[PDB]
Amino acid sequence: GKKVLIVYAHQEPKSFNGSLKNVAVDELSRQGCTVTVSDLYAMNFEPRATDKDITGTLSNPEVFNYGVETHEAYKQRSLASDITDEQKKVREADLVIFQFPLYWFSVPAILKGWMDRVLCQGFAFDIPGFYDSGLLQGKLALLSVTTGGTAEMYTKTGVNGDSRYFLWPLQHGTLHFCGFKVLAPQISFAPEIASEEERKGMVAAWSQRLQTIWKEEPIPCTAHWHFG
């Protein structure tokens, strides 16, 4: 009985991200997993980190510090319900898949806000309690990314540099920081110019991999797997 959370950030159901998300739902479910989906755009998820994220009264009214206030709110069960809803989903998940098109070598703002607001201190990490000692230890995480740029453009000698440059902030900076074990990202390069067959090739590749997903080795997340 494995739980899976797919955090999904595309505006369009009939999109290539959309298909990757659907396949993952279908395949994983077929194996007896419980798959929950956070369809950020459909939820019209709030990306701004504001004082409205605390329901209670503020630890300090005159000066607002988002980090400090959300920390306190987490422990005191005073965070806004949309945040706590996500946290619950994350908490129960054995695996968290992030499904998104690359925007500016990163996640779309709506998914960046989910990270900013959901992964708060006390919940995803603490001091001490980060990187290997992070609070979400024991959970698995996979980035499923699509790109406009082709694979060659994402090499050490392409116009974009190596892909591990855009993976760093998310995989090390964010996921490893919270204690996740990061599986190899799934990157579908340039589906928009790919052919019908290659697109299906790509969707098929994702489907296949998901079959044996729970047997995979977490990548060694360090400053040697991304720039060397």
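Rigid core (definition): largest C-alpha set, two forms, superposition within 1.5 Å. Just count from 1 along the sequence shown to find any residue number.
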request  = Could you tell me which of the two stretches, 87-95 or 124-132, has its Cα atoms lying farther from the shown structure in 9 other deposited structures of this protein after fitting on the rigid core?
outcome  = 124-132
task = Quick one: say whether 61-69 or 41-49 has the higher mean Cα B-factor in the deposited entry.
result = 61-69
ask   = With respect to the recorded C-alpha B factors, which stretch has the higher mean value, 168-176 or 192-200?
value = 192-200
ask   = Which one of 187, 159, 28, 54 shows the top CA temperature factor in the record?
value = 159
task = Could you say whether, by C-alpha temperature factor, residue 219 belongs to the lowest, middle or highest third of its chain?
result = highest
inquiry  = Ranking every modelled residue in this chain by its Cα temperature factor as given in the entry, which third contains residue 78?
reply    = middle
message = Ranking the modelled residues of this chain by C-alpha B-factor as given in the entry, is residue 209 in the lowest, middle or highest third?
response = highest
ask   = Going by what the PDB entry lists, where does residue 93 fall on CA B-factor within its chain: lowest, middle or highest third?
value = middle
key: Entry-reported Cα temperature factor of residue 116, expressed as the chain third it lands in   = lowest
